[PDB]
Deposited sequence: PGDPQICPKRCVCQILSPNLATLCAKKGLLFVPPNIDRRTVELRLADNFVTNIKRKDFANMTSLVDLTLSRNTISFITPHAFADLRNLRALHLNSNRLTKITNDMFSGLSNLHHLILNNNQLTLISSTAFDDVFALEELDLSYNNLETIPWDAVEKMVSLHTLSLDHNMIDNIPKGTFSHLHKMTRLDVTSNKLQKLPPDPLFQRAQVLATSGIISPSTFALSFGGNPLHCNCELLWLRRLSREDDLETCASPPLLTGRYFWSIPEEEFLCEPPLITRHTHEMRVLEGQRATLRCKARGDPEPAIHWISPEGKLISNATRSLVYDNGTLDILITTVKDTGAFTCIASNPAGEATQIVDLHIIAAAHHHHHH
């Protein structure tokens, strides 16, 4: 309807026509203010103490595009809370207390290009949780407890140019995930449990080359440092890249344990014919 504009007592509401924005940031709120005009395009709740997301909070916000909950203490989100936002392109949940991501949490958002989850305690993400977010251009999981993510849903995100997994428990990356993703310019796996990384043509751009007539800048940013790397032939493709030394370190095999990844010559990365690994490349 054509009702007059609603603004919470503690917030500031801006109208730059047609758009309307509700800025509540750093007001000390313990919960989402009850009266927020449903026509708000941008909603800034960041740097508050809100602990809970009620179903009624964001209900019926059709034109809502940016929503920033960052730096709140949030342990719970009522199901179907975001179910009413079709137009939301960006959502910032970072620096909260979320321990889990359910299937129904993000289920409604088709138009979302940015999902920022970093600096939470999340130990788990449900299998279908990312099925509807396939339009994401940015996904930040950094600084969490995750040992795995819905890889099958991630390999279906075509336009994603940034994936930040750093500072997690992730022990494995499936081998074919990035094949169909040609927009990815950034992957940060730093401080994880990875013993191995899958080869991808994208990673061929993670090195600097020159003296061909042009000095080629690095067009892909990859950081694998801080992982318990098991150093064998499977990582040789990575050892062949010409890169800065980030102090990456091999966890295994025992003779390579403790030594810098780039300080090891290429000839000393060895796979053992048939238990390292385990018809591997030697053949059997």
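*Asks:* What are the missing stretches of the deposited sequence, listed from start to end?
*Replies:* Comparing the full sequence with the modelled residues, the uncovered ranges come out as 275-298, 303-346, 353-371.
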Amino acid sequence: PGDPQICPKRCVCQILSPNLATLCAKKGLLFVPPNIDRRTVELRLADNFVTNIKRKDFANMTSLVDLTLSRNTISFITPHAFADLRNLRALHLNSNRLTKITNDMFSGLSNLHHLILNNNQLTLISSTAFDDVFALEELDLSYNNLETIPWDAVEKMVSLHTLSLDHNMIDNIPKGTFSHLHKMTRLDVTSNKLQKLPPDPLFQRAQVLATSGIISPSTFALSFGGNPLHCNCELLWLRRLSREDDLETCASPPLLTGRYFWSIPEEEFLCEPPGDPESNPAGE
From here on, numbers count along this sequence of modelled residues.
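*Asks:* Tell me which of 42-50 and 215-223 has the higher mean C-alpha B-factor in the deposited entry.
*Replies:* Taking the mean C-alpha B-factor of 42-50 and of 215-223, the larger value falls to 215-223.
*Asks:* Averaging the C-alpha B factors as listed in the entry, name the stretch that ends up higher: 170-178 or 135-143.
*Replies:* Result: 170-178.
*Asks:* In terms of recorded Cα temperature factor, pick the maximum from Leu88, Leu117, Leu209, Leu187.
*Replies:* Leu209 has the highest C-alpha B-factor of those listed.
*Asks:* Highest Cα B-factor in the deposition, which of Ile74, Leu165, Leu122, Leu202?
*Replies:* In this record, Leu202 carries the highest C-alpha B-factor of the candidates.
*Asks:* Based on the deposited C-alpha B factors for this chain, I'd like to know if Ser17 is in the lowest, middle or highest third.
*Replies:* Within its chain, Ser17 is a highest-third residue by C-alpha B-factor, going by the deposited values.
*Asks:* Considering every modelled residue of the chain and its Cα B-factor in the PDB entry, is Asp57 in the lowest, middle or highest third?
*Replies:* Middle third by C-alpha B-factor.
*Asks:* Splitting the chain's C-alpha B-factors into thirds, which one does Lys183 fall into?
*Replies:* CA B-factor rank for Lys183: highest third.
*Asks:* Quick check for you: using the entry's CA B-factors within this chain, is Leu236 in the lowest, middle or highest third?
*Replies:* As the PDB entry reports it, the C-alpha B-factor of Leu236 lands in the highest third of its chain.
*Asks:* Give the position of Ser159 by CA B-factor within its chain, expressed as the lowest, middle or highest third.
*Replies:* Highest third of the chain for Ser159's C-alpha B-factor.
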